[PDB]
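Engineer: let's see this in three dimensions:
(one chain, ligands or ions: 1)
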Amino acid sequence: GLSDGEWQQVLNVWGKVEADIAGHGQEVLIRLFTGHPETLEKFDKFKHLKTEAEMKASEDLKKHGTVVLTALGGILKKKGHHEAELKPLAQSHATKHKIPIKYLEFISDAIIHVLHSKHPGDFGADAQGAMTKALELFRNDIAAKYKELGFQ
Ligand code: HEM
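Structural biologist: Numbering: from 1, shown residues only. Now the structure:
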């Protein structure tokens, strides 16, 4: 649960992402894959990437970063009223991709890391607080659907 002022901060931060969605998406995925190499094993189309240089050179990885962040941005713009947008993603991630909730924690922290790396000094403490709360809400509503499905 976020206040109106917290949602305003989230959507202000998101404007930074929307100026370069592919560059942000690329770096988020690279941070996830390099920090948590077991996550790479869930992607049949990226498991061939052995080095970060290969990851950086991959145009398909940048494409997937655009898909991921476009979906998250659509959810964030609903300011919590995201049941219809979140349900298919929870279902596909539990039943088809088999993504444990832990990996959604990993990517949440990676988004925070990337924002500080690309906007040092311009991602303030209030903005970090509000973005963190928004990613927690996203993760928590996915977790409720995971429990319904019995997925661990
Ligand atoms: C911010 C969180 C994330 C969002 C919004 C997101 C969004 C999406 C979307 C929109 C798709 C394509 C449609 C679909 O299959 O449902 C996708 C595919 C996928 N997601 Fe996620 N995702 C997230 C986190 C993750 C994480 C943490 C993992 C794995 C560690 C992951 C693994 C996958 C896989 C394996 C695919 C299929 C890729 C393919 O082979 O083309 N997702 N995701």
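Engineer: tell me the phi and psi of residue 25?
Structural biologist: phi -70, psi -40 (degrees, to the nearest 10).
Engineer: separation between residue 124 and the ligand?
Structural biologist: With distances taken as CB to the nearest ligand atom, to the nearest Å, residue 124 is found 22 Å from the ligand. Heads up, the C-betas are built off the backbone N, CA and C, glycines and all.
Engineer: any idea how many residues pack against that residue?
Structural biologist: 12 (other CB atoms under 10 Å).
Engineer: how about the one 4 residues further on?
Structural biologist: Here the count is done by other CB under 10 Å, and residue 128 has 15 residues near it.
Engineer: that one touches residue 112, doesn't it?
Structural biologist: Yes - counting by CB atoms under 8 Å, residue 128 touches residue 112, with 6.5 Å between them.
Engineer: not counting its neighbours along the chain, what's nearest residue 17?
Structural biologist: residue 24 (4.8 Å; CB to CB, 6 or more residues apart in numbering).
Engineer: got the phi and psi for residue 2?
Structural biologist: phi -110, psi 150.
Engineer: against the ligand, how distant is it?
Structural biologist: From residue 2 to the ligand the distance is 17 Å (CB to the nearest ligand atom).
Engineer: ok, and the closest non-adjacent residue to that residue?
Structural biologist: residue 133 (5.5 Å).
Engineer: helix, strand, or coil at the residue nearest to residue 17?
Structural biologist: For residue 24, the assignment made with DSSP: H, G, I helix; E, B strand; the rest coil gives helix.
Engineer: count the residues that sit near it.
Structural biologist: For residue 24, using other CB under 10 Å, the count is 22.
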